[PDB]
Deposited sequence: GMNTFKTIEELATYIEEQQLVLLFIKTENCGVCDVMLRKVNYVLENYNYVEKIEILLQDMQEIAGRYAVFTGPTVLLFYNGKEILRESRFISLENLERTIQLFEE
């Protein structure tokens, strides 16, 4: 909340996951893969405690939430959306 202002570094993607979650790990690999091709996206990972599994990806542009996907994650949607910022 204090470098959430430095979290206005253009296009940024939150990957949110939980401590015991098999898919999360796979999907993170999958997301990372896409992000190979797009240097101008910044990833932040948040690992929540177990105690909601996820994963959840949020995409923010200049702070505005532009995309939210969850549980099963259209890498197509993610990519095309990112692309709108070529």
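- Missing C-alpha coordinates mark the following deposited-sequence intervals, in order: 1-9, 61-69, 105.
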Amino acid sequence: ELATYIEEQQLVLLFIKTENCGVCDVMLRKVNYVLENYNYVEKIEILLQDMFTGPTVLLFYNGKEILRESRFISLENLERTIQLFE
From here on, numbers count along this sequence of modelled residues.
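- In this entry, the higher average B-factor at the C-alpha atoms falls on 2-10, of the pair 77-85 and 2-10.
- When all modelled residues of the chain are sorted by CA temperature factor, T56 is found within the lowest third.
- Ranked by Cα temperature factor within the chain, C24 sits in the middle third according to the deposited record.
- Placement of the Cα temperature factor of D50 within the chain: highest third of the modelled residues, per the deposited record.
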